[PDB]
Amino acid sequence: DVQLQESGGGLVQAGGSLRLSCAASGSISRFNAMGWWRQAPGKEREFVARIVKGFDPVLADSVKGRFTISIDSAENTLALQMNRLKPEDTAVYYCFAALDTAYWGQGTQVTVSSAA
């Protein structure tokens, strides 16, 4: 039923910027909570950002100065804008939405490196 798909991932240089977007089926105002997690090879799922309905956005300490989480009701999408990207930010990023249970996308790869 509930469909999520991340996008906007790719390969970037250090200090660059990137904007991830999570497409949801239906209207996003129906979800009671959405957010972003990431996972690097060998490291367990790490919490990145969360927005709960009616509340201010909460962000992890490792990202607080650089990332922003937003909701676009026009496009029915959940945005995570990443700025000043670091090598530590390389990971697969997942969005989640909270309704009757938690639903996840399959993730998008974000790679920060001295190449390209």
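Note that residue numbering follows the sequence shown and begins at 1.
- Two stretches are in play, 31-39 and 61-69, and the higher mean C-alpha B-factor belongs to 61-69.
- Higher mean CA temperature factor, per the PDB entry, when comparing 80-88 with 44-52: 80-88.
- In this PDB entry, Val112 carries a Cα temperature factor that places it within the highest third of its chain's modelled residues.
- Sort the chain's modelled residues by C-alpha temperature factor and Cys22 lands in the middle third, per the entry.
- Split the chain's modelled residues into thirds by C-alpha temperature factor. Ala102 is in the lowest one.
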